[PDB]
Amino acid sequence: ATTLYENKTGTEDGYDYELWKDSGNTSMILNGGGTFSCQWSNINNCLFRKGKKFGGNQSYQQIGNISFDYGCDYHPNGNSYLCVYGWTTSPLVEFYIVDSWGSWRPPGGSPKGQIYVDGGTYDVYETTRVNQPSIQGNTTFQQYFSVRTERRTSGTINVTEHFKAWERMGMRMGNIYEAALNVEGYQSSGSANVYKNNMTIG
(Lines give C-alpha, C1' and ligand atoms only; values in the text may rest on other atoms or scores of the structure.)
Protein backbone atom coordinates (compact mmCIF):
# COMPACT_ATOMS: atom_id res chain seq x y z
CA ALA A 1 0.00 0.00 0.00
CA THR A 2 2.78 2.46 0.94
CA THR A 3 6.26 2.22 -0.58
CA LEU A 4 9.34 3.73 1.08
CA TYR A 5 12.52 4.50 -0.85
CA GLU A 6 14.60 6.26 1.84
CA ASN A 7 15.66 5.55 5.42
CA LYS A 8 12.63 5.55 7.69
CA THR A 9 11.29 4.12 10.92
CA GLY A 10 7.67 4.01 11.93
CA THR A 11 4.78 1.80 12.90
CA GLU A 12 2.07 0.01 10.94
CA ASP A 13 -0.73 -2.03 12.57
CA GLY A 14 1.22 -2.36 15.82
CA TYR A 15 4.47 -3.38 14.11
CA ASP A 16 7.61 -1.28 14.27
CA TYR A 17 9.19 -1.11 10.81
CA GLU A 18 12.53 0.11 9.52
CA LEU A 19 14.14 0.55 6.12
CA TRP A 20 17.78 1.50 6.27
CA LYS A 21 20.69 1.65 3.87
CA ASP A 22 24.00 3.47 3.85
CA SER A 23 23.87 3.85 0.05
CA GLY A 24 22.08 2.42 -2.97
CA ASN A 25 18.55 1.67 -4.11
CA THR A 26 15.96 0.29 -1.69
CA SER A 27 12.21 -0.13 -1.82
CA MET A 28 10.10 -1.36 1.09
CA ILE A 29 6.37 -1.89 0.54
CA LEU A 30 4.41 -1.77 3.79
CA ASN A 31 1.64 -4.33 3.21
CA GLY A 32 -0.15 -4.30 6.55
CA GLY A 33 0.25 -6.26 9.74
CA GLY A 34 3.72 -7.72 9.94
CA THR A 35 4.08 -8.01 6.18
CA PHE A 36 6.42 -6.16 3.86
CA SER A 37 8.11 -6.59 0.52
CA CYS A 38 11.51 -5.27 -0.34
CA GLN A 39 13.94 -4.88 -3.20
CA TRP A 40 17.50 -3.65 -3.19
CA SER A 41 20.27 -3.04 -5.69
CA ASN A 42 23.62 -1.24 -5.80
CA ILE A 43 23.69 -1.13 -1.99
CA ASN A 44 26.59 -1.43 0.43
CA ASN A 45 24.53 -2.36 3.52
CA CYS A 46 20.77 -2.45 3.84
CA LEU A 47 18.09 -3.84 6.12
CA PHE A 48 14.30 -4.18 6.08
CA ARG A 49 12.35 -5.30 9.13
CA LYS A 50 9.01 -5.47 10.93
CA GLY A 51 8.66 -6.49 14.55
CA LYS A 52 7.86 -5.12 17.99
CA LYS A 53 9.68 -3.41 20.83
CA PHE A 54 8.78 -4.70 24.28
CA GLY A 55 9.59 -1.71 26.48
CA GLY A 56 10.51 -1.81 30.14
CA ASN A 57 13.10 -4.21 31.47
CA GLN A 58 11.66 -7.72 31.40
CA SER A 59 13.16 -11.16 30.87
CA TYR A 60 11.83 -13.64 28.32
CA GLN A 61 10.11 -15.50 31.16
CA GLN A 62 8.36 -12.31 32.25
CA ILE A 63 7.22 -11.41 28.72
CA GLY A 64 5.96 -14.86 27.76
CA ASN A 65 6.62 -16.86 24.64
CA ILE A 66 7.90 -14.95 21.60
CA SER A 67 7.30 -16.60 18.23
CA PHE A 68 7.18 -15.62 14.56
CA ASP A 69 5.02 -17.53 12.09
CA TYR A 70 6.38 -16.34 8.78
CA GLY A 71 6.67 -16.86 5.05
CA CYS A 72 9.14 -15.17 2.72
CA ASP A 73 9.47 -15.23 -1.05
CA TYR A 74 13.25 -14.91 -0.84
CA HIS A 75 15.46 -14.13 -3.86
CA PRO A 76 18.88 -12.68 -2.97
CA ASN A 77 21.32 -12.37 -5.87
CA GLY A 78 24.40 -12.00 -3.65
CA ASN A 79 25.13 -11.57 0.07
CA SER A 80 21.98 -11.47 2.19
CA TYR A 81 20.29 -13.17 5.10
CA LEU A 82 16.77 -13.71 6.41
CA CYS A 83 16.39 -13.87 10.18
CA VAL A 84 14.72 -12.87 13.36
CA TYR A 85 16.78 -9.92 14.62
CA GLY A 86 16.70 -8.21 17.98
CA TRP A 87 18.41 -6.92 21.09
CA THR A 88 18.66 -7.60 24.79
CA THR A 89 19.77 -5.17 27.45
CA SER A 90 21.38 -5.90 30.81
CA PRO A 91 23.56 -7.26 29.19
CA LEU A 92 23.52 -5.68 25.72
CA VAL A 93 23.33 -8.37 23.02
CA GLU A 94 22.43 -8.12 19.35
CA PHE A 95 20.84 -11.44 18.42
CA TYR A 96 20.06 -13.30 15.22
CA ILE A 97 18.09 -16.44 14.37
CA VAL A 98 18.96 -16.97 10.71
CA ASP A 99 16.85 -19.30 8.54
CA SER A 100 18.20 -18.47 5.06
CA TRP A 101 21.01 -16.61 3.36
CA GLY A 102 22.39 -15.73 -0.05
CA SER A 103 25.98 -16.35 -1.10
CA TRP A 104 27.55 -16.32 2.38
CA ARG A 105 26.34 -18.15 5.47
CA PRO A 106 26.72 -15.84 8.49
CA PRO A 107 28.46 -15.13 10.81
CA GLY A 108 31.70 -16.93 10.06
CA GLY A 109 34.05 -18.52 12.52
CA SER A 110 33.40 -21.69 14.43
CA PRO A 111 30.26 -22.51 16.40
CA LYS A 112 30.05 -23.13 20.12
CA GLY A 113 27.57 -25.92 19.51
CA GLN A 114 24.36 -26.95 17.81
CA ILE A 115 20.74 -26.86 18.95
CA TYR A 116 17.46 -28.23 17.59
CA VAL A 117 14.47 -25.86 17.34
CA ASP A 118 11.34 -25.83 15.15
CA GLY A 119 12.37 -29.00 13.30
CA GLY A 120 15.76 -27.60 12.28
CA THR A 121 19.33 -27.80 13.48
CA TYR A 122 21.00 -24.45 14.25
CA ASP A 123 24.69 -23.73 14.73
CA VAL A 124 25.21 -21.37 17.71
CA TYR A 125 27.82 -18.57 17.64
CA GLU A 126 28.88 -15.75 19.97
CA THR A 127 31.01 -12.74 19.02
CA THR A 128 32.03 -9.36 20.42
CA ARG A 129 31.58 -6.05 18.60
CA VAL A 130 33.87 -3.34 19.99
CA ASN A 131 32.84 0.35 19.87
CA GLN A 132 30.13 -0.14 17.25
CA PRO A 133 26.71 1.52 16.87
CA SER A 134 23.94 -0.02 18.98
CA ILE A 135 20.57 0.74 20.56
CA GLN A 136 22.58 2.29 23.43
CA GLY A 137 24.98 4.33 21.31
CA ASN A 138 28.47 3.45 20.19
CA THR A 139 29.63 0.79 22.65
CA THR A 140 30.77 -2.81 23.03
CA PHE A 141 28.27 -5.65 22.97
CA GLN A 142 27.97 -9.36 22.32
CA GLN A 143 26.28 -10.95 19.32
CA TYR A 144 24.40 -14.25 19.61
CA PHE A 145 23.62 -16.24 16.46
CA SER A 146 21.55 -19.33 15.72
CA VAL A 147 22.07 -20.26 12.05
CA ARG A 148 20.05 -23.04 10.44
CA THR A 149 22.22 -25.74 8.90
CA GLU A 150 20.03 -25.82 5.76
CA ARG A 151 18.07 -22.90 4.33
CA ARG A 152 14.32 -22.47 4.73
CA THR A 153 12.06 -19.51 4.05
CA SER A 154 8.81 -20.27 5.91
CA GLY A 155 7.75 -21.78 9.20
CA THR A 156 7.70 -20.88 12.87
CA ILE A 157 10.67 -19.38 14.73
CA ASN A 158 10.20 -19.96 18.45
CA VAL A 159 12.46 -17.17 19.71
CA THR A 160 11.98 -18.16 23.35
CA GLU A 161 13.30 -21.64 22.61
CA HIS A 162 16.50 -20.17 21.12
CA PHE A 163 16.86 -17.99 24.23
CA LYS A 164 16.55 -21.07 26.45
CA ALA A 165 19.04 -23.06 24.39
CA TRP A 166 21.51 -20.16 24.40
CA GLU A 167 21.19 -20.00 28.19
CA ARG A 168 21.94 -23.71 28.48
CA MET A 169 25.09 -23.13 26.42
CA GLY A 170 26.17 -20.55 28.98
CA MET A 171 25.09 -17.43 27.06
CA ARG A 172 23.43 -15.00 29.44
CA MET A 173 19.97 -13.66 28.66
CA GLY A 174 18.99 -10.24 29.94
CA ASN A 175 15.90 -8.18 29.28
CA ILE A 176 14.35 -8.46 25.81
CA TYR A 177 14.29 -5.12 23.97
CA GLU A 178 12.84 -5.99 20.54
CA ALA A 179 12.52 -8.77 17.99
CA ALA A 180 11.73 -8.47 14.30
CA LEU A 181 11.63 -10.44 11.08
CA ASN A 182 14.56 -9.03 9.16
CA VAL A 183 16.06 -9.05 5.64
CA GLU A 184 19.68 -7.93 5.24
CA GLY A 185 21.60 -7.22 2.06
CA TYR A 186 25.29 -6.59 1.50
CA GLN A 187 27.03 -5.45 -1.69
CA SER A 188 24.29 -7.04 -3.78
CA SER A 189 20.82 -6.89 -5.28
CA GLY A 190 17.77 -8.96 -4.51
CA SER A 191 14.12 -9.16 -3.55
CA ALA A 192 12.33 -10.61 -0.54
CA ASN A 193 8.60 -10.57 0.00
CA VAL A 194 7.74 -11.22 3.64
CA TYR A 195 4.16 -12.12 2.74
CA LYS A 196 3.43 -13.64 6.14
CA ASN A 197 4.79 -12.46 9.51
CA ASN A 198 2.59 -13.18 12.53
CA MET A 199 4.43 -12.22 15.70
CA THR A 200 2.84 -13.70 18.81
CA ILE A 201 3.75 -12.71 22.36
CA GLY A 202 2.55 -14.67 25.39
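Residues numbered from 1 in each chain as written, not as in the entry; some residues may be left out. Heavy atoms only, no water.

Looking at the PDB entry, one finds the protein named Endo-1,4-beta-xylanase, with uncultured bacterium #0087-1D13 as its source organism. Listed as the entry title in the PDB record is "Crystal structure of the GH11 domain of a multidomain xylanase from the hindgut metagenome of Trinervitermes trinervoides".

If you trace the nine strands from one edge of the open sheet to the other, you get β2-β3-β6-β14-β8-β9-β12-β11-β10, paired in mixed fashion. Only two strands of the sheet have a single neighbouring strand rather than two, namely β2 (8–12) and β10 (113–117). With direction set aside, neighbouring strand axes in the sheet form an average angle of 25°. One ladder, built from six bridges, connects strand β3 (residues 15–21) with strand β6 (residues 45–53); its direction is antiparallel. The residue of β6 that forms the bridge with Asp16 is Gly51. Taken strand by strand, helix α2 (residues 159–168) contacts β8 (79–89), β9 (93–101), β10, β11 (120–132), β12 (139–148) and β14 (175–186), and its axis lies near 120° from that of β9. (Pairing = 2+ DSSP bridges. Helix = DSSP H or I, 4+ residues; strand = E, 2+ residues; numbered from the N terminus. Axes fitted to C-alpha atoms, helices over the stretch in contact; angles between N-to-C directions. Contact = heavy atoms within 4.5 Å.)

Counting residues in each nonpolar core, the largest one holds 44 residues, and the members touching the most others are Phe48, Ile66, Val84, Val159, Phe163, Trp166 and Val183. The element that contributes the greatest number of residues to this core is strand β7 (residues 66–76), accounting for five residues. If sequence neighbours within four positions are ignored, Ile66 has contacts with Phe54, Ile157, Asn158, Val159, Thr160, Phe163, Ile176, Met199 and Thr200. Formed by twelve residues, the second largest nonpolar core is a distinct cluster that contains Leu92, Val98, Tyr125 and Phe145. (Core = buried A, V, L, I, M, F, W, Y, C linked by side-chain atoms within 4.5 Å. Buried < 20%, exposed > 50% of the residue type's maximum accessible area, 1.4 Å probe, protein only.)

With respect to the helices and strands, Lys50 occurs in strand β6. For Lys50, a relative accessible area of 0% translates into the label buried. A polar contact of 2.9 Å, which involves the side chain of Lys50, links it to the backbone oxygen of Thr35. (Polar contact = N/O pair within 3.5 Å; in protein donor to acceptor, adjacent residues only side chain to side chain.)

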